[PDB]
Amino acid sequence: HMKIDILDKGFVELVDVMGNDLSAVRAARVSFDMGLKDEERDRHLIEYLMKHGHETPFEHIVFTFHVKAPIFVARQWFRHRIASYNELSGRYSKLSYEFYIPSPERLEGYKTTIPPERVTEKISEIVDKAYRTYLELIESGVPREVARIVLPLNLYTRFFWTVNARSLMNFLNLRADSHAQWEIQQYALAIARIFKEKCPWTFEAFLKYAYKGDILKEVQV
């Protein structure tokens, strides 16, 4: 399965997909009691749909992704309500030592009172101390659902995400944009790369006529 590594321990993996560019073509044509025609006229229809705001046909293309990301990234991601999610539980699972530790280059462009290297080390210390406490609590009999409240927001979680192409394009408009947090931007770029490979016509038409973000127009795949 296509799997793209993100951040230091994260990833985005495509699990399954239903439909393709032609699915949208057929769904649009039913309006006129028609179906598919030719690869030329059909690709042209996708462009027409995109530039005129005919979005419902794209709801028939559905993706399911497997994602590993820090909780602070997931919190933002899960705000996209038009989708389905199933996530790893801290109430039910003993948590592993997997945290997002940003490299010094994450602070590139900002003037700091201390070396970027120090910030990275400072974050690492908090992680170590918090996880150590988490383990001490669980080993002592503290219920998992309580012990985990001391763990930081950079803890990695895992989830399945099923979303249709229309909602996915909304996600890209909002997250594959410089105003979004850099960390989720990286995930949106991976999502875009997978989208591009499975629905090339839809993706191209989207970038040329509907995309309202900036990064996908300044970054290849």
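Take the two forms, superpose them, and find the largest set of C-alpha atoms that agree within 1.5 Å; that set is the rigid core. The numbering used is simple: start at 1 and walk along the sequence shown.
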Task: Divergent stretch in 5 other deposited structures of this protein, 25 to 33 or 185 to 193 [C-alpha RMS, superposed by the core] - done: 25 to 33
Open item on the list: If the other structures are each fit on the rigid core, which stretch ends up farther away in C-alpha terms in 5 other deposited structures of this protein, 39 to 47 or 63 to 71?
Closed with: 39 to 47
Task: Mean temperature factor over C-alpha atoms, higher-scoring stretch between 118 to 126 and 78 to 86 - done: 118 to 126
TODO: Select between 47 to 55 and 161 to 169 the stretch whose C-alpha atoms have the higher average B-factor in the entry.
DONE: 47 to 55
TODO: State the tercile, meaning the lowest, middle or highest third, of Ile71 with respect to the CA B-factors recorded for its chain.
DONE: lowest
- [ ] Could you say whether, by C-alpha temperature factor, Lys111 belongs to the lowest, middle or highest third of its chain?
- [x] highest
TODO: Taking the chain's C-alpha temperature factors as the reference, tell me which third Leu151 falls into: lowest, middle or highest.
DONE: middle
Task: Third assignment of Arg41 from its chain's C-alpha B-factors - done: highest
TODO: Pull the Cα B-factor of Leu174 out of the PDB entry and bin it into the chain's lowest, middle or highest third.
DONE: lowest
